[PDB]
Amino acid sequence: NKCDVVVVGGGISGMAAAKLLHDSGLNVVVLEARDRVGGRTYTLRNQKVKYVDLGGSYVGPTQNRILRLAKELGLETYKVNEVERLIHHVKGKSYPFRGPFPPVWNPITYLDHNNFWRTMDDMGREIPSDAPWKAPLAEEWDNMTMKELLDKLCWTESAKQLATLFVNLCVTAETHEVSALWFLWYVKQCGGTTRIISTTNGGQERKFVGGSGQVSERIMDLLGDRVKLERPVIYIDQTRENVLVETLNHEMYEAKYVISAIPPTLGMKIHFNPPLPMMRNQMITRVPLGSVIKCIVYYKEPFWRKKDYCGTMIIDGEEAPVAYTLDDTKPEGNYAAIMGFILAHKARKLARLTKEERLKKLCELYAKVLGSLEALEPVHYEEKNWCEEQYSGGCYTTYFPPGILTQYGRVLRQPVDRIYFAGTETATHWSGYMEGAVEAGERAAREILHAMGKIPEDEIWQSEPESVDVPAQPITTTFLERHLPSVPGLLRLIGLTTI
Amino acid sequence: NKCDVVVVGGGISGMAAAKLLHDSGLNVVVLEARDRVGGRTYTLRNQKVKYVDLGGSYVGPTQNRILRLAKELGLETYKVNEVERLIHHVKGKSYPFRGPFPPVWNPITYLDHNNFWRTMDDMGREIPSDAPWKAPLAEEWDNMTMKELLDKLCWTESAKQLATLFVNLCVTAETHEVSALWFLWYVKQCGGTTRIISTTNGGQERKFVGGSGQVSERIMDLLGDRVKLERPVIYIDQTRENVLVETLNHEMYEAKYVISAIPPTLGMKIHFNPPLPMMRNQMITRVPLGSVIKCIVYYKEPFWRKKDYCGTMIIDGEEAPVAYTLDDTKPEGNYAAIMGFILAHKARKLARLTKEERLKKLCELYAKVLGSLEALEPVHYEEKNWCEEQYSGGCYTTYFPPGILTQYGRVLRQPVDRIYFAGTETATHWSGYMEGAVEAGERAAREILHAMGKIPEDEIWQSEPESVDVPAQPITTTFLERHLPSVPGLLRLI
Ligand SMILES: *Cc1cc2c(cc1C)nc1c(=O)[nH]c(=O)nc-1n2C[C@H](O)[C@H](O)[C@H](O)COP(=O)(O)OP(=O)(O)OC[C@H]1O[C@@H](n2cnc3c(N)ncnc32)[C@H](O)[C@@H]1O
Ligand SMILES: *Cc1cc2c(cc1C)nc1c(=O)[nH]c(=O)nc-1n2C[C@H](O)[C@H](O)[C@H](O)COP(=O)(O)OP(=O)(O)OC[C@H]1O[C@@H](n2cnc3c(N)ncnc32)[C@H](O)[C@@H]1O
Ligand SMILES: O=C(Nc1cccc(F)c1)c1coc2ccccc2c1=O
Ligand SMILES: O=C(Nc1cccc(F)c1)c1coc2ccccc2c1=O
């Protein structure tokens, strides 16, 4: 019934918010729709796998908030296997490599790839993390899709195909589905292309020992009975002195303030009194989540390592069900496994199949890419299609179609009377990730602390000390990377000389 | 409590479905979220206006279902005034014209405009009304926006500005927001460019005497206490023998079947048990409605008619708050008024202003376009910003961003166990309109009658006899319109 703050949603964002508020001495309640906490994180436990992350899993350098939160809760990380060679599989053949970017030998294609990644970051530097709609060309860039941008930028099919994979993998959406402005913002707010694509020194460096679901679970243990499971929120009434929050199972909660810690569009599942202001009313119908099936195939041994492959496969084109894999073997070397994503339209297309049919297509793919008959001998399989989740809407995160971020983006974390907005979507650093969930939950909690006169305004946004356990190597470029011409740059140089 | 069919939503679609089911002898209940029926139609009555449609208003030839339903309920139509000249206002000057398409005189611009309209209809001929995702180039066209298509097709800024206005006015959305496939389908399923843009012999020919809200009101009158107002549906449970439908005010309704007659995305306001299938779960997050403020400025007299202007203004460019107007005067020449739409991004931009500030901007625009100081002397004003509506999501209808129609379009009218889907968005002819609302409501009702064994499969979709009161005249083209080259066509020859 009565409390200081109701937090709607018990994912990492809502739990981080509730914890901060609880630690500050307030009375918080967390209302969670599901029979579990963690949301878009979910750690399955059984005897065949021990534990496995079926939702969000990876953490890495520069994600200091999630690292700090997890460390405080008694959790540890380990490094995702990247000892041996990565594979880029292109036009039916595998090309092993080292370093984060799949390399290319053809001089023209080399210039085109170099320019593609460089230009993503060049454009990113024009986009403020906390206000992407303030970019000087925000309108122009928001009114084109990523498909249009790649069609203009990539002078080779090689670069276009890799760039397309990059978009699909980063945002679980097609290049023609997403705004160029929003995509460029998304990458820049993770620290740019190198940081977002890298295992070693990037976003995919590490996993939590025992699964990421422990973050939300251990906060629930700290909060005790303040977390209410199977309480989907249906109604928020701000017409009276205290806010009234009603759940589907016929309970009413009364609070001074509310934190909405659910994906933005999932706000539609709540009926509001008074109605939401116009811009938010429409925004929450314009912001879908992407589409992904996360699939883990288990093997007797991590046999790929014996061929000097680390387990990372980057697999171009249409026929492959999975475009990206990582080694998911436990740090101890057992429960050998390959994690792969079925992305964007393929998550829709292949959902028609049975679990056994998907397993077979994945093993056949892995056998070809790894040149290994052992890939046809799985011992176990787990998967999760996040498109089917009523209380997520998709994974990893919300994407913005063309035109939406400039028209509606400014209201994403704008309070609505006594409702404040958390959720990874409202973060300014690693939005879309567990890191962003912590940033947003803690920031929303401090907004309320400020509204209550407990902290000054300059304490709402708080910097985070660098992790001593996961130091961040800087992102660097070479002279040639900075100054080599694009393909059209080279052609201009050719035209000028012959004159 | 217990009934045969629960209809969620008391707009035209839900009302049409409930009426059909009721007339066949089933016990129906309509659960309506608002304190009124009509949904995206809303007729306001007061002494100053008599009545005014602040939502959907226009009907025309080929919309035989809405015309038949309205006639049965005792309604009459009158013609939107198009006796005098239309105005196209371009680069600060008014150019009066007759006929539906704003004309041009420059030979290159002429070829470009001609080709633009012709191409929209050429592309439409390959898009099945009942399955646009089966177009031969469905993927190619769905993966581009209308902005990309227009940038490719229009060699002149003149044609591109008019085409942009056309898109904005048709679908209350920006060219870059919408799938080209979806937009081309939308036009084709209203009978093509001429039919969709025309007042005389098209979609804007007529209005209902006393307002379109009377359709939904008069069905509510027939149904009596079967219509439950202020019953927003929050929960649908299909796990047991009968379907259970719960409302926000705590009531529980039990039925054999349910019709969802709400905009597709407003399905998100309902919690489902079991969860919806994957494709629908995601679809209902991918389908926004457009943005519009409908504004009606009243005057002492329809003064524009004295200058041989009918009151239609087509107003290009960014600065104008309103891109399109029609004469809203009543049939007797009284309650003189101009109806104008503030479209798409301008609805968002100008919503910050006060009502009085919007009135001043509109009057000054109209004074310029009509070339009359009389436009600065309004006697009354009414407006409605549909972007504010929790239980509509916007107006006129749902648009599909790039990539969505091909991936999720099949899902829209697919039943989910014992839930069938009505709403104008599910129609195959004049989807987006009151006509499509009737088509979809009656079809969803007949799906349930078929499920019950009461009618055969072949009676689910029913043709409609042509209205005697509003007959359609054929859409024609000239030899030169059909065969003149495009701009790049003319360049190939040179
Ligand atoms: C799904 C997924 C996500 C993911 C990823 C791979 C997959 C398959 N990989 C990631 C990774 O490797 N590293 C990483 O940092 N992130 C990764 N992601 C994304 C990550 O999981 C998310 O960014 C993050 O978990 C989101 O946290 P947040 O707290 O912002 O949101 P949530 O988890 O969705 O929590 C929302 C909770 O709210 C409940 N809910 C929903 N509606 C209601 C109502 N009406 N009432 C009450 N509760 C509600 C949800 O049930 C959920 O628990
Ligand atoms: C808004 C608008 C619409 C419009 C237009 C101009 C404007 C500003 N001009 C039109 C025109 O000149 N001619 C024409 O034929 N159409 C025009 N349009 C569109 C037209 O109004 C619509 O196509 C039509 O009204 C749609 O009817 P439909 O019955 O399909 O949908 P609806 O009116 O939105 O009705 C839905 C009802 O459902 C209720 N609702 C919503 N959620 C719930 C829940 N959860 N529970 C119960 N009821 C719910 C709504 O309140 C509504 O009444
Ligand atoms: O862009 C990525 N990786 C990537 C790795 C190699 C080449 C390439 F083009 C892209 C990733 C982006 O975001 C993610 C989110 C959750 C899990 C993995 C990833 C990526 O690997
Ligand atoms: O396209 C339209 N009209 C139009 C009329 C003249 C020139 C032009 F480019 C467009 C209309 C489209 O759909 C509508 C929907 C509700 C009300 C009016 C209209 C139109 O007039």
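Residue numbering for chain A follows Swiss-Prot; the residues present correspond to positions 3-501, in that order.
The way this entry was determined, per its header, is X-ray crystallography, 1.7 Å.
Note that Cβ sites are derived from N, Cα and C of the backbone, with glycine treated the same way.
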Site from A:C156, A:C365, A:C397 that Swiss-Prot describes as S-8alpha-FAD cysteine, others unannotated there: A:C397
Reported as an integer number of Å, what is the Cα distance between A:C365 (site 'Important for catalytic activity') and A:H382 (site 'Important for catalytic activity')? 11
Nearest of the recorded positions to A:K52 (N6-acetyllysine) by CA-CA distance, picking from A:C156, A:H382, A:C397? A:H382
Hits among A:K52, A:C365, A:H382, A:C397, i.e. recorded positions with CB under 6 Å from ligand 1, come out as A:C397
Check A:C156 (site 'Important for catalytic activity') against DSSP and tell me helix, strand or coil, would you? coil
With DSSP assignments reduced to helix, strand and coil, which class does A:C397 (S-8alpha-FAD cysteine) get? coil
What three-state secondary structure does DSSP assign to A:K52 (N6-acetyllysine)? coil
How many whole Å apart are the CA atoms of A:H382 (site 'Important for catalytic activity') and A:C156 (site 'Important for catalytic activity')? 41
Using C-alpha atoms only, work out the spacing between A:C156 (site 'Important for catalytic activity') and A:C397 (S-8alpha-FAD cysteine) and round it to an integer in Å. 28
What count of other C-beta atoms do you get within 10 angstroms of the C-beta of A:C397 (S-8alpha-FAD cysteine), across all chains shown? 26
Could you check what DSSP calls A:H382 (site 'Important for catalytic activity') once collapsed to helix, strand or coil? strand
